[PDB]
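Here the structure comes first, spelled out in structure tokens, and everything after it is commentary.
Throughout, residue positions are numbered sequentially from 1 according to the sequence presented. For ligands, and for the atoms within them, numbers begin at 1 and follow the listed sequence.
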Amino acid sequence: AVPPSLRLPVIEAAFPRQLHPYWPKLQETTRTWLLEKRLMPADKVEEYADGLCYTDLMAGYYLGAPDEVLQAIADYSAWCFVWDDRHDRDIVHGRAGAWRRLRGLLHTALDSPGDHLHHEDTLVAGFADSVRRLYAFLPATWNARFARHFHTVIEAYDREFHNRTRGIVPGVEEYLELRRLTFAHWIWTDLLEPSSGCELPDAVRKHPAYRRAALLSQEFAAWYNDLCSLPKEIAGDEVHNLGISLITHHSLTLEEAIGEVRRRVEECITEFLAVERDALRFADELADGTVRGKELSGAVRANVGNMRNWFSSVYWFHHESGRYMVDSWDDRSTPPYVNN
Ligand SMILES: CC[N+](CC)(CC)Cc1ccccc1
Ligand SMILES: [Mg+2]
Ligand SMILES: [Mg+2]
Ligand SMILES: [Mg+2]
């Protein structure tokens, strides 16, 4: 049961939740990876890792993924959360030097992950381990695009560092552009392809219906995170959240801002339902009779299915994960699972 201010009946009724059969193993393997790569303190992994639900979130998303592919995606996903925590703590403690160095190392590791598998910074070595494995599934053309996309994500984190250091809250439109990067829209979109076993040609994945379906899936996920993570983020002096930009620049009250974010999230859903029809008509057009057309048709169909699955996975993740349960913390500004 979800709180009325967070509840989305259309999700509950029309996007039934899915779970990949590898999830029980996935849960433990990622937990152990976090442990052995020293990405989270050992006692924090035992106390909090399972309750954080990072593996549940990916296992509800990339349905159909080879077990190995889902494992690398889940390790990378968990790493991303730990990176978000590190970024947060570097900002809070004014470690601009340590953040700048991490940022540079991540850019280099991204292009040559093999070189960085045993780097002395365990956050960098962990990144490189997951990225090296992601690079093993599809041609190097897909790897180059993932890298291009993630260099942009790191730089958006650097922009957030600048904003929070200066006490700047982005305008609403500026925020919406930044959020496509800090949420890593195009990374989750990229990872649809190794999950269905096919790198999509530019002409296919840039078709308007595929692009728009892919975008709305991510806008929904990012803004729903904004809605649900607003309490802990206000508490932690986070300034990046659609709700916070509206309060700051459109002078809404908190209640008005929650309402406005809800309405924007709702519209993503019914916009997605419209363009999903087009995206699936496109998948049928790809099935032209040929082997390649059938491969491409099947892959777009799977990808669009998972774009849909993201809605329910993200929806339930925010109600299940301890990441957001600020009311339970001794210090509302310092989550228990973060290394402070
Ligand atoms: C901070 C984590 N993340 C990706 C794991 C940043 C790129 C956004 C996110 C939050 C909640 C659900 C899904 C993604
Ligand atoms: Mg963040
Ligand atoms: Mg965050
Ligand atoms: Mg958030």
Side-chain angles (χ1 to χ4, degrees), residues 6 30 34 39-40 49 52-62 72-92 99 106 110 123 126-127 130-131 134 146 149-158 160-161 163-164 169-170 175-176 178-191 217-245 257-258 261 265 268 306-307 309-326 333-335 337-338:
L6 296 189
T30 293
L34 290 176
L39 298 169
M40 269 179 38
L52 285 170
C53 295
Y54 302 159
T55 60
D56 310 49
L57 169 75
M58 300 296 123
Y61 183 16
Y62 296 108
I73 287 169
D75 297 347
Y76 169 74
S77 290
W79 177 89
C80 279
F81 280 105
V82 169
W83 177 48
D84 194 70
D85 298 342
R86 166 76 80 81
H87 174 254
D88 180 73
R89 289 299 96 171
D90 283 348
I91 293 165
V92 163
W99 167 255
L106 290 181
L110 181 60
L123 187 65
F127 179 73
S130 70
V131 174
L134 292 172
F146 173 101
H149 283 151
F150 197 75
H151 284 297
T152 300
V153 174
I154 294 163
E155 282 312 287
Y157 274 52
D158 195 65
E160 282 187 339
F161 197 101
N163 291 342
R164 283 175 63 184
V169 181
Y175 173 73
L176 290 170
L178 177 66
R179 185 55 161 154
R180 305 178 183 118
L181 307 179
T182 58
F183 192 79
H185 284 32
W186 309 124
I187 294 297
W188 309 119
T189 306
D190 290 339
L191 295 170
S217 182
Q218 297 305 326
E219 301 283 64
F220 166 89
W223 299 350
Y224 195 63
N225 168 270
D226 284 10
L227 182 63
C228 298
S229 68
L230 190 59
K232 68 116 172 152
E233 291 179 351
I234 285 168
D237 290 310
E238 177 55 274
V239 307
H240 300 102
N241 180 304
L242 178 59
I244 293 174
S245 291
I258 286 158
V261 176
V265 170
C268 288
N306 286 342
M307 296 178 190
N309 284 331
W310 203 207
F311 285 83
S312 49
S313 202
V314 165
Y315 183 80
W316 297 112
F317 168 75
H318 283 86
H319 308 309
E320 287 171 357
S321 174
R323 179 166 183 90
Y324 302 110
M325 299 181 171
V326 56
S333 85
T334 303
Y337 50 81
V338 157

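With ligand atoms numbered from 1 in the order given, ligand 1 contributes 10 (C), 11 (C) to contacts under 4.0 Å with heavy atoms of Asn225. Within ligand 1, counting atoms from 1 as listed, the ones closer than 4.0 Å to a heavy atom of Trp188 are 4 (C), 5 (C).
Residue, atom and distance of the protein heavy atom nearest to atom 6 (C) of ligand 1 are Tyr157 OH, 3.4 Å. If you check which protein heavy atom lies closest to atom 12 (C) of ligand 1, you get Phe317 CE2, 3.7 Å. The protein atom (non-hydrogen) at minimum distance from atom 7 (C) of ligand 1 is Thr182 O, 3.3 Å. Scanning the protein for heavy atoms near atom 1 (C) of ligand 1, the closest one is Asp84 CG, 3.4 Å. In this structure, atom 9 (C) of ligand 1 lies nearest to the protein heavy atom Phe183 CE1, 3.3 Å.
Under the 4.0 angstrom criterion for non-hydrogen atoms, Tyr61 is not in contact with ligand 1. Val314 does not count as a contact of ligand 1, since none of its heavy atoms falls under 4.0 Å from the ligand. By the 4.0 Å heavy-atom criterion, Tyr324 is counted among the residues contacting ligand 1. Within the 4.0 Å heavy-atom shell around ligand 1 one does not find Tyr54.
Judged purely by distance below 3.5 Å, without hydrogens or angles, the side chains of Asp226 and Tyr175 pair a donor atom with an acceptor atom. Counted by atom type alone, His185 and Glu219 present one or more donor-acceptor pairs between their side chains at under 3.5 Å. There is no side-chain donor-acceptor pair under 3.5 Å between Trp186 and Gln218. Donor-acceptor pairing under 3.5 Å is lacking for the side chains of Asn225 and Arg323.
Looking at every heavy atom in both residues, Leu191 comes nearest to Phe146 through CD2-CE1, 4.0 Å. The two residues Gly126 and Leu39 come nearest to each other via the heavy atoms CA-CD2, 4.4 Å. Across all non-hydrogen atoms, the minimal contact from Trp188 to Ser77 is CZ3-OG, 3.5 Å. Heavy atoms only, all atoms of each residue included: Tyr324 and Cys228 are closest at CB-O, 4.4 Å. Looking at every heavy atom in both residues, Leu123 comes nearest to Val82 through CD1-CG1, 3.8 Å. The two residues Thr182 and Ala156 come nearest to each other via the heavy atoms CG2-CB, 3.8 Å.
Of all the heavy atoms of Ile187, none lies under 4.0 Å from any atom of ligand 1, so neither backbone nor side chain is involved.
Not one N, O or S atom of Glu238 sits under 2.8 Å from the Mg ion (ligand 3).
For the Mg ion (ligand 3), the nearest N, O or S atom contributed by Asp84 is named OD2.
Angle OE2(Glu233) to the Mg ion (ligand 4) to OG(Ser229): 90° [nearest 10 degrees].
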